[PDB]
file entry16.cif (mmCIF, C-alpha atoms)
data_entry
loop_
_atom_site.label_atom_id
_atom_site.label_comp_id
_atom_site.auth_asym_id
_atom_site.auth_seq_id
_atom_site.Cartn_x
_atom_site.Cartn_y
_atom_site.Cartn_z
CA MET A 1 98.60 103.20 115.09
CA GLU A 2 100.38 102.26 111.87
CA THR A 3 103.54 103.34 110.10
CA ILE A 4 104.34 103.40 106.42
CA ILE A 5 107.95 103.81 105.30
CA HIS A 6 109.11 104.41 101.70
CA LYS A 7 112.53 104.25 100.10
CA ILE A 8 112.57 107.11 97.59
CA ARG A 9 114.85 107.32 94.57
CA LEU A 10 115.44 110.60 92.71
CA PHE A 11 115.49 110.27 88.94
CA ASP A 12 118.32 112.77 89.02
CA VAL A 13 120.37 113.70 92.10
CA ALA A 14 121.10 117.11 90.54
CA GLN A 15 117.47 117.85 91.55
CA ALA A 16 118.03 117.20 95.26
CA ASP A 17 117.64 120.83 96.16
CA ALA A 18 114.26 121.18 94.39
CA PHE A 19 113.13 117.92 96.02
CA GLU A 20 114.16 119.00 99.53
CA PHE A 21 112.60 122.45 99.19
CA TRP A 22 109.35 120.79 98.02
CA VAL A 23 109.43 118.34 100.92
CA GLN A 24 109.96 121.01 103.60
CA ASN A 25 107.71 123.76 102.25
CA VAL A 26 105.03 121.88 100.33
CA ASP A 27 104.92 118.24 101.43
CA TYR A 28 105.21 118.95 105.19
CA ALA A 29 103.01 122.03 104.81
CA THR A 30 100.14 119.94 103.36
CA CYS A 31 100.05 117.39 106.21
CA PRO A 32 97.57 119.44 108.30
CA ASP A 33 95.06 118.79 105.44
CA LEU A 34 95.47 115.00 105.67
CA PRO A 35 93.53 114.00 108.80
CA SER A 36 95.03 110.45 109.00
CA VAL A 37 98.63 111.71 109.21
CA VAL A 38 99.84 111.87 112.82
CA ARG A 39 103.57 112.29 112.05
CA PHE A 40 105.51 112.65 108.83
CA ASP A 41 109.21 113.17 108.19
CA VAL A 42 111.73 112.66 105.38
CA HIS A 43 115.41 111.70 105.72
CA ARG A 44 118.38 112.01 103.38
CA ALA A 45 120.05 108.58 103.10
CA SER A 46 122.39 108.98 100.11
CA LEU A 47 123.09 111.26 97.19
CA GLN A 48 125.23 108.83 95.14
CA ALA A 49 123.84 109.08 91.58
CA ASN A 50 123.33 105.33 91.23
CA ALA A 51 122.03 104.67 94.78
CA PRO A 52 119.06 102.30 94.92
CA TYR A 53 117.38 105.04 97.02
CA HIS A 54 118.26 108.56 98.23
CA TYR A 55 115.58 109.30 100.81
CA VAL A 56 113.45 107.57 103.34
CA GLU A 57 110.07 108.85 104.50
CA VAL A 58 108.32 107.76 107.71
CA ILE A 59 104.53 108.21 107.86
CA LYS A 60 102.76 107.57 111.16
CA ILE A 61 98.98 107.17 110.65
CA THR A 62 95.88 106.60 112.78
CA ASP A 63 95.00 103.57 110.69
CA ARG A 64 95.50 102.40 107.11
CA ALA A 65 91.80 102.85 106.39
CA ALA A 66 91.95 106.59 107.20
CA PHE A 67 95.17 107.04 105.16
CA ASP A 68 93.68 105.29 102.13
CA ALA A 69 90.78 107.77 102.12
CA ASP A 70 93.24 110.69 102.40
CA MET A 71 95.04 109.33 99.33
CA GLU A 72 91.85 109.62 97.27
CA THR A 73 91.57 113.35 98.03
CA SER A 74 92.73 115.98 95.52
CA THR A 75 95.00 117.28 98.30
CA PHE A 76 97.02 114.05 97.96
CA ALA A 77 96.81 113.97 94.15
CA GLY A 78 98.58 117.33 94.11
CA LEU A 79 101.43 115.97 96.21
CA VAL A 80 101.81 112.83 94.00
CA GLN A 81 101.86 114.91 90.77
CA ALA A 82 104.83 117.00 91.96
CA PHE A 83 106.60 114.07 93.63
CA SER A 84 106.38 111.99 90.45
CA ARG A 85 108.30 114.58 88.36
CA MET A 86 111.38 114.06 90.57
CA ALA A 87 111.21 110.71 92.36
CA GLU A 88 109.76 107.22 92.70
CA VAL A 89 108.96 104.95 95.64
CA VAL A 90 111.17 101.83 95.28
CA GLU A 91 110.08 99.98 98.42
CA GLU A 92 107.29 100.20 100.95
CA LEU A 93 107.54 98.84 104.52
CA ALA A 94 104.47 98.97 106.79
CA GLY A 95 103.37 97.78 110.21
CA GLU A 96 101.07 98.21 113.16
CA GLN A 97 102.74 99.80 116.15
CA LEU A 98 103.40 97.78 119.30
CA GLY A 99 101.98 99.77 122.21
CA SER A 100 102.51 103.50 122.56
CA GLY A 101 106.24 103.68 121.62
CA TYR A 102 108.81 105.85 123.40
CA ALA A 103 109.11 109.64 123.09
CA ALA A 104 111.65 111.69 125.06
CA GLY A 105 110.49 114.36 127.53
CA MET B 1 118.24 114.92 113.73
CA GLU B 2 118.78 111.44 112.33
CA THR B 3 116.70 108.30 111.96
CA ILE B 4 117.77 104.69 111.94
CA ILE B 5 115.33 102.04 110.72
CA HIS B 6 115.84 98.26 111.00
CA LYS B 7 114.03 95.35 109.40
CA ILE B 8 113.89 92.68 112.11
CA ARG B 9 113.45 88.96 111.48
CA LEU B 10 112.40 86.56 114.26
CA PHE B 11 114.25 83.25 114.24
CA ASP B 12 110.93 81.69 115.13
CA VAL B 13 107.53 83.36 114.75
CA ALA B 14 106.17 81.14 117.55
CA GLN B 15 108.16 83.52 119.81
CA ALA B 16 106.30 86.64 118.68
CA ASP B 17 104.57 87.06 121.99
CA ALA B 18 107.83 86.95 124.01
CA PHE B 19 109.39 89.39 121.51
CA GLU B 20 106.49 91.86 121.71
CA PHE B 21 106.32 91.72 125.50
CA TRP B 22 110.09 92.40 125.64
CA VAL B 23 109.77 95.30 123.21
CA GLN B 24 106.93 97.01 125.10
CA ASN B 25 108.07 96.40 128.68
CA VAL B 26 111.85 96.18 128.42
CA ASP B 27 113.04 97.76 125.17
CA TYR B 28 110.76 100.84 125.36
CA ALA B 29 111.25 101.01 129.13
CA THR B 30 115.05 101.33 128.73
CA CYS B 31 114.94 104.27 126.29
CA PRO B 32 114.96 106.91 129.08
CA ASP B 33 118.49 105.60 129.90
CA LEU B 34 119.75 106.20 126.35
CA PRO B 35 120.24 109.98 126.11
CA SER B 36 120.57 110.03 122.26
CA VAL B 37 117.16 108.42 121.69
CA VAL B 38 114.49 111.05 120.98
CA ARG B 39 111.80 108.65 119.69
CA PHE B 40 111.64 104.88 119.37
CA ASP B 41 108.87 102.59 118.16
CA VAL B 42 108.46 99.07 116.77
CA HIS B 43 105.91 97.88 114.19
CA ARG B 44 104.58 94.45 113.28
CA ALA B 45 104.95 93.99 109.51
CA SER B 46 104.36 90.25 109.01
CA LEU B 47 104.17 87.01 110.94
CA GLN B 48 104.55 84.62 107.96
CA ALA B 49 107.16 82.06 109.11
CA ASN B 50 109.38 82.55 106.07
CA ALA B 51 109.02 86.36 105.80
CA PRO B 52 112.29 88.17 105.07
CA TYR B 53 111.39 90.35 108.10
CA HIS B 54 108.59 90.49 110.71
CA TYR B 55 109.12 93.84 112.39
CA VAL B 56 110.35 97.29 111.65
CA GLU B 57 111.84 99.62 114.25
CA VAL B 58 112.18 103.40 113.84
CA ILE B 59 114.81 105.14 115.98
CA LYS B 60 114.93 108.94 115.97
CA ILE B 61 118.24 110.23 117.41
CA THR B 62 119.88 113.58 118.17
CA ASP B 63 122.87 112.58 116.07
CA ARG B 64 124.67 109.38 115.10
CA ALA B 65 127.64 110.32 117.26
CA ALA B 66 125.49 110.40 120.43
CA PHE B 67 123.76 107.10 119.50
CA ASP B 68 127.09 105.35 118.89
CA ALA B 69 128.21 106.25 122.43
CA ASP B 70 124.90 104.97 123.84
CA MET B 71 125.55 101.66 122.04
CA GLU B 72 128.81 101.22 123.95
CA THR B 73 127.02 101.44 127.31
CA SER B 74 126.13 98.30 129.29
CA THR B 75 122.52 99.55 129.17
CA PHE B 76 122.57 98.85 125.41
CA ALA B 77 124.52 95.59 125.74
CA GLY B 78 121.69 94.26 127.89
CA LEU B 79 119.14 95.05 125.20
CA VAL B 80 121.26 93.41 122.43
CA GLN B 81 121.80 90.22 124.50
CA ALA B 82 118.04 89.63 124.88
CA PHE B 83 117.21 90.77 121.33
CA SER B 84 119.78 88.38 119.85
CA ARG B 85 118.13 85.29 121.42
CA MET B 86 114.97 85.95 119.36
CA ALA B 87 115.76 88.11 116.34
CA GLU B 88 118.26 89.60 113.90
CA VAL B 89 118.52 92.89 112.03
CA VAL B 90 118.39 92.06 108.29
CA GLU B 91 118.59 95.60 106.90
CA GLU B 92 119.46 99.04 108.18
CA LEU B 93 118.22 102.29 106.59
CA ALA B 94 119.46 105.63 107.94
CA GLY B 95 119.25 109.33 107.12
CA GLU B 96 119.46 112.89 108.34
CA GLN B 97 116.08 114.54 108.72
CA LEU B 98 115.02 117.34 106.38
CA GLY B 99 113.88 120.23 108.56
CA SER B 100 111.65 119.74 111.58
CA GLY B 101 109.14 117.22 110.09
CA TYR B 102 105.38 117.32 110.67
CA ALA B 103 103.61 116.33 113.90
CA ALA B 104 99.84 116.63 114.37
CA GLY B 105 98.40 118.91 117.07
#
call {"tool": "encode", "arguments": {"input": "entry16.cif", "output": "structure tokens"}}
result
Amino acid sequence: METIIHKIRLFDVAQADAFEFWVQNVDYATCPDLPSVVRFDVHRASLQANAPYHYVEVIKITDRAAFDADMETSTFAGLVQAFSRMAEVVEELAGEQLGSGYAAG
Amino acid sequence: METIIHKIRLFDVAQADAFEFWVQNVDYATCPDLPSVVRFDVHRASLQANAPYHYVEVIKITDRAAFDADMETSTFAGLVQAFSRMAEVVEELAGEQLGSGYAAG
């Protein structure tokens, strides 16, 4: 299992509400069509205009190889096109999971 | 729901195997005793000696208030004591989740 994490900066924090609606109703809604995505969630870190980043996304994937293929689909290209009108990735963190992790009952 | 993410740097990458055994068999194993922790997992990013960080941890919590209380327990103090012999947090990212996220069937 692997995890990719992005810091996301809005070009304009006035657009937060469009961004968040897109995330919840378009970005999340498209994840069933990306076979490599096991878990995906986005988190609001800051809405200061000049923040180095406003959001963090956490993508849990089967393996990087599978995710890379999913990125080459037109399903993904449609997500990127919309994302890129509002926001940019300013850092990527990635790793391979140790063991199975913990998840509450 | 909130998420806390740490970049973790080992003082000495020779100790990776002790660190990873501790994470999987002690750190993960203690999470049932921390009521605020909903999900927890650690990820190996890099084992270059001079890397700014080697690991990333992702902590999903009910709310920051509940987590803060859990940190004041002696359960947590025992985790910190061990952690601090091997590693240091070099960055914290945190946010409030947008909606319910996506999780594969």
call {"tool": "resolve_selection", "arguments": {"input": "entry16.cif", "expression": "the PyMOL selection byres ((chain B) within 6 of (chain A))", "output": "ChimeraX atom specification"}}
result
/B:28,38-45,94-98,101-104
call {"tool": "atom_distance", "arguments": {"input": "entry16.cif", "atom1": "CA of residue 71 (chain B)", "atom2": "CA of residue 26 (chain B)"}}
result
16.1 Å
call {"tool": "closest_residue", "arguments": {"input": "entry16.cif", "among": "A:82, A:69, A:61, A:89", "to": "residue 9 (chain A)", "atoms": "all atoms listed in the file"}}
result
A:89
call {"tool": "resolve_selection", "arguments": {"input": "entry16.cif", "expression": "the PyMOL selection byres ((chain B and resi 88) around 9)", "output": "JSON, numbers by chain"}}
result
{"B": [7, 8, 9, 10, 11, 83, 84, 85, 86, 87, 89, 90]}
call {"tool": "atom_distance", "arguments": {"input": "entry16.cif", "atom1": "CA of residue 91 (chain A)", "atom2": "CA of residue 52 (chain A)"}}
result
9.9 Å
call {"tool": "atom_distance", "arguments": {"input": "entry16.cif", "atom1": "CA of residue 47 (chain B)", "atom2": "CA of residue 17 (chain B)"}}
result
11.1 Å
